[PDB]
């Protein structure tokens, strides 16, 4: 429901290298989070390809306590919890030597609600400028 993204990069990206950190925060009570990147999926759920702003970069989203998900019917990564905020990373997906410059894309996410469990009516979206 509220998403903050912090940018950090250099061309040599090792696998699982942290490219950007993110935080999703929820103001109303909730059970669980899910997030995703608004880009073409590149293989497994949560892995993606993003274009240079004038060259490509393979990223993935998540980190500890996140794992891939399909939630009516939004593909992303999911983490359980009722806490107010959760941390996540955007990581390099594989070793890659990337062309310098800006890779701009957005991230979305929701604070899931409940006995049923449900997507809230509003999703957050924030844009990040990833600089290589």
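Positions refer to the first chain, counted from 1.
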**Message:** Does the chain run continuously from residue 8 to residue 9, or are deposited residues unmodelled in between? Answer none, 1 to 3, 4 to 9, or 10 or more.
**Reply:** 1 to 3
**Prompt:** Taking the recorded C-alpha temperature factors, which stretch has the higher mean, 96-104 or 73-81?
**Reply:** 96-104
**Request:** Could you tell me which one of 87, 59, 39, 35 shows the highest CA temperature factor in the PDB record?
**Result:** 39
**Prompt:** Split the chain's modelled residues into thirds by Cα B-factor; is residue 117 in the lowest, middle or highest one?
**Reply:** highest
**Fill in**
Temperature factor at the Cα of residue 127, chain-ranked in thirds, falls in the middle
**Request:** Taking the values exactly as deposited, rank residue 26 by C-alpha B-factor within its chain and report the matching third: lowest, middle or highest.
**Result:** middle
**Fill in**
In terms of its chain's C-alpha B-factors, the third that includes residue 91 is the lowest
